[PDB]
(Lines of atoms letter the chains of each structure in order from A and count residues from 1; the text may use other names and numbers.)
(Lines give C-alpha, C1' and ligand atoms only; values in the text may rest on other atoms or scores of the structure.)
Protein backbone atom coordinates (compact mmCIF):
# COMPACT_ATOMS: atom_id res chain seq x y z
CA UNK A 1 0.00 0.00 0.00
CA UNK A 2 2.80 2.40 1.06
CA UNK A 3 5.72 2.67 3.52
CA UNK A 4 5.85 6.02 5.33
CA UNK A 5 6.58 7.23 8.87
CA UNK A 6 3.30 8.76 10.07
CA UNK A 7 0.10 9.21 8.06
CA UNK A 8 -1.31 11.76 10.57
CA UNK A 9 1.19 14.32 9.20
CA UNK A 10 -0.85 14.80 6.01
CA UNK A 11 -2.40 18.22 6.89
CA UNK A 12 1.12 19.62 7.37
CA UNK A 13 2.34 18.25 4.04
CA UNK A 14 -0.72 19.54 2.18
CA UNK A 15 -0.13 22.99 3.69
CA UNK A 16 3.55 23.08 2.73
CA UNK A 17 2.83 21.54 -0.70
CA UNK A 18 0.39 24.26 -1.73
CA UNK A 19 2.64 26.97 -0.33
CA UNK A 20 5.30 25.66 -2.72
CA UNK A 21 2.70 25.57 -5.50
CA UNK A 22 2.56 29.38 -5.48
CA UNK A 23 5.97 29.60 -7.17
CA UNK A 24 5.35 26.62 -9.46
CA UNK A 25 3.15 28.36 -12.07
CA UNK A 26 4.74 26.64 -15.08
CA UNK A 27 4.13 23.18 -13.63
CA UNK A 28 0.62 24.42 -12.81
CA UNK A 29 -0.13 24.99 -16.51
CA UNK A 30 1.27 21.61 -17.58
CA UNK A 31 -0.73 19.72 -14.95
CA UNK A 32 -3.77 21.77 -15.99
CA UNK A 33 -3.16 20.73 -19.60
CA UNK A 34 -2.47 17.10 -18.60
CA UNK A 35 -5.77 16.75 -16.73
CA UNK A 36 -7.58 17.47 -20.02
CA UNK A 37 -5.44 15.33 -22.35
CA UNK A 38 -4.48 12.46 -19.99
CA UNK A 39 -1.14 11.65 -21.69
CA UNK A 40 -0.34 8.86 -19.18
CA UNK A 41 -3.62 6.95 -19.42
CA UNK A 42 -3.01 3.29 -18.63
CA UNK A 43 0.67 4.03 -17.95
CA UNK A 44 2.45 2.72 -14.85
CA UNK A 45 5.21 4.93 -13.49
CA UNK A 46 7.94 5.01 -10.84
CA UNK A 47 9.57 8.15 -9.46
CA UNK A 48 12.77 7.86 -7.43
CA UNK A 49 13.06 11.43 -6.20
CA UNK A 50 13.62 13.55 -3.13
CA UNK A 51 10.38 13.39 -1.14
CA UNK A 52 9.88 17.17 -0.95
CA UNK A 53 6.97 19.56 -1.45
CA UNK A 54 8.09 20.21 -5.03
CA UNK A 55 8.32 16.51 -5.90
CA UNK A 56 4.79 16.21 -4.53
CA UNK A 57 3.63 18.89 -6.99
CA UNK A 58 5.19 16.91 -9.84
CA UNK A 59 3.52 13.69 -8.72
CA UNK A 60 0.23 15.59 -8.58
CA UNK A 61 0.90 16.67 -12.17
CA UNK A 62 1.52 13.13 -13.44
CA UNK A 63 -1.43 11.93 -11.35
CA UNK A 64 -3.64 14.48 -13.14
CA UNK A 65 -2.24 13.16 -16.43
CA UNK A 66 -3.51 9.62 -15.71
CA UNK A 67 -0.30 7.99 -14.45
CA UNK A 68 -0.36 5.17 -11.90
CA UNK A 69 2.51 6.44 -9.77
CA UNK A 70 4.68 5.02 -6.97
CA UNK A 71 7.28 7.30 -5.36
CA UNK A 72 10.37 6.18 -3.48
CA UNK A 73 13.12 8.22 -1.85
CA UNK A 74 16.29 9.13 -3.72
CA UNK A 75 18.07 9.61 -0.35
CA UNK A 76 17.25 8.52 3.23
CA UNK A 77 17.74 12.02 4.71
CA UNK A 78 15.96 14.12 2.06
CA UNK A 79 12.54 12.59 2.75
CA UNK A 80 9.98 14.95 4.25
CA UNK A 81 7.55 12.68 6.12
CA UNK A 82 4.70 15.23 6.14
CA UNK A 83 4.63 15.35 2.33
CA UNK A 84 5.01 11.57 2.10
CA UNK A 85 1.94 11.42 4.36
CA UNK A 86 -0.11 13.91 2.30
CA UNK A 87 0.61 12.09 -0.97
CA UNK A 88 -0.77 8.76 0.27
CA UNK A 89 -3.67 10.43 2.09
CA UNK A 90 -4.92 13.16 -0.25
CA UNK A 91 -4.17 11.66 -3.67
CA UNK A 92 -3.85 7.88 -3.17
CA UNK A 93 -0.27 7.79 -4.51
CA UNK A 94 1.64 4.95 -2.76
CA UNK A 95 4.89 6.22 -1.21
CA UNK A 96 7.73 4.08 0.18
CA UNK A 97 10.01 6.66 1.80
CA UNK A 98 10.81 7.31 5.47
CA UNK A 99 13.13 10.06 6.70
CA UNK A 100 16.25 8.42 8.07
CA UNK A 101 15.40 4.92 6.83
CA UNK A 102 18.35 2.52 6.83
CA UNK A 103 19.98 1.17 3.67
CA UNK A 104 18.16 -2.15 3.98
CA UNK A 105 14.89 -0.23 3.64
CA UNK A 106 16.09 1.93 0.73
CA UNK A 107 16.80 -1.16 -1.38
CA UNK A 108 13.65 -2.86 -0.11
CA UNK A 109 11.76 0.15 -1.52
CA UNK A 110 13.65 -0.19 -4.82
CA UNK A 111 12.55 -3.83 -5.01
CA UNK A 112 8.98 -2.73 -4.25
CA UNK A 113 9.30 -0.02 -6.92
CA UNK A 114 10.32 -2.39 -9.72
CA UNK A 115 7.52 -4.85 -8.83
CA UNK A 116 5.18 -2.08 -9.99
CA UNK A 117 6.52 -3.09 -13.45
CA UNK A 118 6.91 0.56 -14.50
CA UNK A 119 6.45 1.80 -18.04
CA UNK A 120 8.14 5.13 -17.25
CA UNK A 121 10.90 5.45 -14.63
CA UNK A 122 11.78 8.92 -13.36
CA UNK A 123 15.15 8.70 -11.64
CA UNK A 124 17.51 10.99 -9.74
CA UNK A 125 21.01 9.55 -9.39
CA UNK A 126 20.20 6.62 -11.71
CA UNK A 127 19.80 4.01 -8.94
CA UNK A 128 16.55 2.34 -10.02
CA UNK A 129 17.50 2.43 -13.71
CA UNK A 130 20.84 0.75 -12.94
CA UNK A 131 19.16 -1.86 -10.73
CA UNK A 132 16.56 -2.48 -13.44
CA UNK A 133 19.32 -3.09 -16.00
CA UNK A 134 21.34 -5.31 -13.65
CA UNK A 135 18.64 -7.43 -11.99
CA UNK A 136 15.46 -7.14 -14.11
CA UNK A 137 16.43 -7.78 -17.73
CA UNK A 138 13.09 -9.63 -18.02
CA UNK A 139 11.28 -6.32 -17.35
CA UNK A 140 12.81 -4.32 -20.21
CA UNK A 141 9.79 -4.98 -22.45
CA UNK A 142 7.78 -2.73 -20.09
CA UNK A 143 10.05 0.30 -20.56
CA UNK A 144 8.82 3.04 -22.87
CA UNK A 145 11.56 5.30 -21.53
CA UNK A 146 13.18 6.76 -18.44
CA UNK A 147 14.26 10.18 -17.19
CA UNK A 148 17.16 11.36 -15.04
CA UNK A 149 17.20 14.42 -12.81
CA UNK A 150 20.80 15.02 -11.76
CA UNK A 151 24.30 15.32 -13.22
CA UNK A 152 25.55 12.21 -11.39
CA UNK A 153 22.77 10.18 -13.00
CA UNK A 154 23.76 11.35 -16.49
CA UNK A 155 27.36 10.22 -15.91
CA UNK A 156 26.17 6.74 -14.92
CA UNK A 157 23.90 6.52 -17.97
CA UNK A 158 26.92 7.42 -20.13
CA UNK A 159 28.61 4.36 -18.62
CA UNK A 160 25.43 2.36 -19.29
CA UNK A 161 25.48 3.42 -22.95
CA UNK A 162 29.22 2.85 -23.38
CA UNK A 163 28.83 -0.53 -21.67
CA UNK A 164 26.19 -1.38 -24.27
CA UNK A 165 23.32 -1.75 -21.78
CA UNK A 166 21.40 1.49 -22.34
CA UNK A 167 18.90 -0.32 -24.57
CA UNK A 168 16.03 2.16 -24.07
CA UNK A 169 15.34 5.92 -24.37
CA UNK A 170 16.64 7.95 -21.42
CA UNK A 171 15.53 11.59 -21.31
CA UNK A 172 18.40 13.78 -20.11
CA UNK A 173 16.33 16.14 -17.96
CA UNK A 174 19.33 17.45 -16.00
CA UNK A 175 21.02 19.02 -19.03
CA UNK A 176 18.10 21.13 -20.27
CA UNK A 177 18.94 24.82 -20.11
CA UNK A 178 15.92 25.55 -17.92
CA UNK A 179 17.03 22.75 -15.61
CA UNK A 180 20.68 23.11 -14.70
CA UNK A 181 21.22 26.78 -15.60
CA UNK A 182 18.93 27.48 -12.64
CA UNK A 183 18.33 24.46 -10.36
CA UNK A 184 21.98 23.37 -10.23
CA UNK A 185 23.28 26.97 -10.10
CA UNK A 186 20.81 29.24 -8.27
CA UNK A 187 18.93 26.54 -6.37
CA UNK A 188 21.99 24.71 -5.04
CA UNK A 189 23.61 28.09 -4.44
CA UNK A 190 21.01 29.24 -1.92
CA UNK A 191 19.87 25.92 -0.45
CA UNK A 192 23.39 24.58 0.23
CA UNK A 193 24.12 27.56 2.48
CA UNK A 194 20.61 27.21 3.93
CA UNK A 195 21.45 23.66 5.06
CA UNK A 196 24.77 24.75 6.56
CA UNK A 197 23.11 27.60 8.47
CA UNK A 198 20.14 25.56 9.70
CA UNK A 199 22.63 22.94 10.89
CA UNK A 200 25.06 25.32 12.64
CA UNK A 201 23.86 28.96 12.53
CA UNK A 202 27.46 29.75 11.72
CA UNK A 203 28.48 33.16 10.39
CA UNK A 204 29.61 32.73 6.79
CA UNK A 205 31.12 36.24 6.64
CA UNK A 206 34.82 36.15 7.48
CA UNK A 207 35.19 32.39 6.97
CA UNK A 208 37.29 30.77 4.25
CA UNK A 209 34.92 28.49 2.28
CA UNK A 210 36.39 25.85 -0.05
CA UNK A 211 34.16 24.82 -2.96
CA UNK A 212 35.25 21.64 -4.71
CA UNK A 213 34.26 21.87 -8.38
CA UNK A 214 33.24 24.90 -10.46
CA UNK A 215 30.49 23.45 -12.61
CA UNK A 216 26.86 24.48 -12.47
CA UNK A 217 26.56 23.71 -8.76
CA UNK A 218 30.04 24.97 -7.93
CA UNK A 219 29.46 28.32 -9.64
CA UNK A 220 26.25 28.85 -7.66
CA UNK A 221 27.73 27.81 -4.32
CA UNK A 222 30.84 29.96 -4.71
CA UNK A 223 28.73 32.92 -5.88
CA UNK A 224 26.39 32.78 -2.88
CA UNK A 225 29.24 32.08 -0.46
CA UNK A 226 31.02 35.21 -1.68
CA UNK A 227 27.74 37.11 -1.58
CA UNK A 228 27.40 36.15 2.08
CA UNK A 229 30.83 37.58 2.96
CA UNK A 230 33.06 34.52 2.70
CA UNK A 231 36.56 34.27 1.26
CA UNK A 232 36.09 31.56 -1.38
CA UNK A 233 38.62 28.96 -2.52
CA UNK A 234 37.80 26.83 -5.57
CA UNK A 235 39.32 23.47 -6.56
CA UNK A 236 39.02 21.79 -9.96
CA UNK A 237 40.38 19.16 -12.32
CA UNK A 238 39.71 21.04 -15.56
CA UNK A 239 41.52 24.14 -16.82
CA UNK A 240 38.59 26.01 -18.42
CA UNK A 241 36.38 26.23 -15.28
CA UNK A 242 39.47 26.85 -13.13
CA UNK A 243 40.28 29.93 -15.21
CA UNK A 244 36.64 31.01 -14.86
CA UNK A 245 36.82 30.90 -11.05
CA UNK A 246 40.08 32.87 -11.00
CA UNK A 247 38.63 35.53 -13.29
CA UNK A 248 35.53 35.54 -11.07
CA UNK A 249 37.74 36.67 -8.16
CA UNK A 250 38.09 33.24 -6.50
CA UNK A 251 41.30 31.59 -5.32
CA UNK A 252 42.04 28.41 -7.28
CA UNK A 253 44.47 25.89 -5.81
CA UNK A 254 44.89 22.14 -5.26
CA UNK A 255 42.73 20.66 -2.49
CA UNK A 256 45.92 19.76 -0.59
CA UNK A 257 46.77 23.45 -0.28
CA UNK A 258 43.15 24.38 0.48
CA UNK A 259 42.86 21.75 3.22
CA UNK A 260 45.12 23.85 5.50
CA UNK A 261 43.04 26.99 4.94
CA UNK A 262 39.34 26.16 4.80
CA UNK A 263 36.86 26.75 7.59
CA UNK A 264 33.99 25.15 5.66
CA UNK A 265 34.36 22.64 2.81
CA UNK A 266 31.61 21.97 0.23
CA UNK A 267 32.01 19.23 -2.37
CA UNK A 268 30.04 19.56 -5.62
CA UNK A 269 32.10 17.48 -8.07
CA UNK A 270 30.09 14.35 -8.79
CA UNK A 271 33.32 12.42 -8.11
CA UNK A 272 34.55 10.06 -5.44
CA UNK A 273 36.72 10.92 -2.43
CA UNK A 274 37.43 14.56 -3.25
CA UNK A 275 38.20 15.19 0.44
CA UNK A 276 40.63 12.54 1.63
CA UNK A 277 42.47 11.16 4.71
CA UNK A 278 45.56 13.26 3.99
CA UNK A 279 43.28 16.34 3.88
CA UNK A 280 41.64 15.71 7.28
CA UNK A 281 45.03 15.64 9.01
CA UNK A 282 45.95 19.24 8.08
CA UNK A 283 42.53 20.84 8.54
CA UNK A 284 41.99 23.62 11.06
CA UNK A 285 40.64 22.54 14.43
CA UNK A 286 36.87 22.72 14.05
CA UNK A 287 36.80 22.82 10.24
CA UNK A 288 33.40 22.00 8.76
CA UNK A 289 32.95 19.57 5.87
CA UNK A 290 29.77 18.85 3.90
CA UNK A 291 28.68 17.69 0.48
CA UNK A 292 26.18 18.92 -2.10
CA UNK A 293 26.96 16.43 -4.85
CA UNK A 294 24.44 13.67 -5.36
CA UNK A 295 26.27 10.95 -3.40
CA UNK A 296 27.90 11.21 0.03
CA UNK A 297 31.06 9.48 -1.29
CA UNK A 298 32.63 12.82 -2.25
CA UNK A 299 33.97 12.94 1.32
CA UNK A 300 35.87 9.90 2.63
CA UNK A 301 33.98 9.66 5.91
CA UNK A 302 34.92 5.98 6.17
CA UNK A 303 38.56 7.01 6.69
CA UNK A 304 37.50 9.90 8.93
CA UNK A 305 35.67 7.50 11.24
CA UNK A 306 38.74 5.26 11.53
CA UNK A 307 41.13 8.20 12.04
CA UNK A 308 38.93 9.59 14.83
CA UNK A 309 38.93 8.41 18.42
CA UNK A 310 35.44 9.74 19.14
CA UNK A 311 32.35 10.93 17.27
CA UNK A 312 29.51 12.85 18.87
CA UNK A 313 26.36 14.63 17.74
CA UNK A 314 26.63 18.28 18.74
CA UNK A 315 23.66 19.88 16.91
CA UNK A 316 20.96 18.87 14.47
CA UNK A 317 22.50 17.25 11.37
CA UNK A 318 25.95 17.92 12.88
CA UNK A 319 28.59 15.46 14.13
CA UNK A 320 31.89 16.28 15.82
CA UNK A 321 34.79 13.92 15.07
CA UNK A 322 37.62 14.28 17.60
CA UNK A 323 41.04 13.13 16.43
CA UNK A 324 43.66 11.65 18.80
CA UNK A 325 45.44 15.01 19.00
CA UNK A 326 42.20 16.65 20.15
CA UNK A 327 41.46 18.53 16.92
CA UNK A 328 37.92 18.31 15.58
CA UNK A 329 36.37 17.71 12.16
CA UNK A 330 32.74 18.79 11.86
CA UNK A 331 30.51 16.82 9.47
CA UNK A 332 27.08 18.11 8.50
CA UNK A 333 24.37 15.74 7.34
CA UNK A 334 26.57 12.62 7.47
CA UNK A 335 27.99 13.71 4.13
CA UNK A 336 24.65 13.56 2.32
CA UNK A 337 23.29 16.44 0.18
CA UNK A 338 23.45 19.13 2.82
CA UNK A 339 20.66 21.23 1.29
CA UNK A 340 18.30 18.24 1.46
CA UNK A 341 19.61 16.67 4.70
CA UNK A 342 19.84 19.82 6.82
CA UNK A 343 17.12 21.95 5.21
CA UNK A 344 14.36 21.57 2.62
CA UNK A 345 16.16 21.45 -0.71
CA UNK A 346 15.74 23.86 -3.57
CA UNK A 347 13.03 26.52 -3.35
CA UNK A 348 10.06 25.57 -5.51
CA UNK A 349 10.78 28.40 -8.00
CA UNK A 350 13.58 26.38 -9.63
CA UNK A 351 11.86 23.02 -9.20
CA UNK A 352 8.98 24.49 -11.18
CA UNK A 353 11.29 24.57 -14.19
CA UNK A 354 12.91 21.25 -13.28
CA UNK A 355 9.62 19.39 -13.00
CA UNK A 356 8.08 21.16 -15.96
CA UNK A 357 10.97 19.51 -17.81
CA UNK A 358 10.28 16.23 -15.98
CA UNK A 359 6.58 16.44 -16.87
CA UNK A 360 7.10 17.09 -20.57
CA UNK A 361 9.99 14.64 -20.99
CA UNK A 362 7.63 11.95 -19.66
CA UNK A 363 4.99 13.18 -22.12
CA UNK A 364 7.70 13.08 -24.79
CA UNK A 365 8.50 9.42 -24.04
CA UNK A 366 4.89 8.27 -24.35
CA UNK A 367 3.98 10.49 -27.31
CA UNK A 368 6.89 8.93 -29.24
CA UNK A 369 6.70 5.41 -27.77
CA UNK A 370 8.32 2.93 -30.13
CA UNK A 371 9.89 5.70 -32.24
CA UNK A 372 12.93 6.57 -30.07
CA UNK A 373 16.44 5.34 -30.68
CA UNK A 374 17.92 3.59 -27.63
CA UNK A 375 20.28 5.71 -25.58
CA UNK A 376 20.18 9.29 -24.32
CA UNK A 377 17.86 11.95 -25.71
CA UNK A 378 18.00 15.67 -25.01
CA UNK A 379 15.07 17.85 -24.08
CA UNK A 380 13.76 19.27 -27.38
CA UNK A 381 14.88 22.87 -27.78
CA UNK A 382 11.30 24.09 -28.30
CA UNK A 383 10.19 22.48 -25.02
CA UNK A 384 13.19 23.89 -23.14
CA UNK A 385 12.58 27.30 -24.75
CA UNK A 386 8.84 27.27 -24.04
CA UNK A 387 9.48 26.53 -20.35
CA UNK A 388 11.75 29.59 -20.16
CA UNK A 389 9.09 31.71 -21.88
CA UNK A 390 6.38 30.60 -19.45
CA UNK A 391 8.64 31.12 -16.43
CA UNK A 392 9.69 34.60 -17.56
CA UNK A 393 6.03 35.50 -18.09
CA UNK A 394 5.18 34.17 -14.63
CA UNK A 395 7.93 36.27 -13.04
CA UNK A 396 6.22 39.37 -14.47
CA UNK A 397 9.14 40.19 -16.76
CA UNK A 398 8.66 41.48 -20.30
CA UNK A 399 11.40 41.63 -22.94
CA UNK A 400 11.83 42.72 -26.54
CA UNK A 401 11.15 41.07 -29.90
CA UNK A 402 13.05 41.61 -33.13
CA UNK A 403 11.48 43.81 -35.76
CA UNK A 404 11.07 42.62 -39.37
CA UNK A 405 14.03 44.82 -40.30
CA UNK A 406 16.16 43.40 -37.49
CA UNK A 407 15.34 39.92 -38.78
CA UNK A 408 16.28 40.84 -42.35
CA UNK A 409 19.57 42.36 -41.17
CA UNK A 410 20.63 39.10 -39.49
CA UNK A 411 20.12 37.29 -42.80
CA UNK A 412 22.30 39.59 -44.91
CA UNK A 413 26.05 39.03 -45.10
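Residue numbers count along the first chain shown, from 1.
Taking the PDB entry as given, 88-96 carries the higher mean Cα B factor of the two stretches 186-194 and 88-96.
Set 44-52 against 378-386 and average the Cα temperature factors; 44-52 ends up higher. Of the candidates 255, 112, 282, 266, it is 112 whose Cα B-factor is highest according to the PDB record. Taking the deposited Cα B-factors for 240, 228, 322, 129, the highest one is held by 129. The deposited CA B-factor of residue 335 belongs to the lowest third of values across its chain. Per-chain ranking of the deposited C-alpha B factor places residue 329 in the middle third. Ranked within its chain, residue 167 lands in the highest third, by CA B factor from the PDB record.
For residue 261, the recorded CA temperature factor ranks within the middle third of the chain's modelled residues. In this PDB entry, residue 216 carries a Cα temperature factor that places it within the lowest third of its chain's modelled residues.
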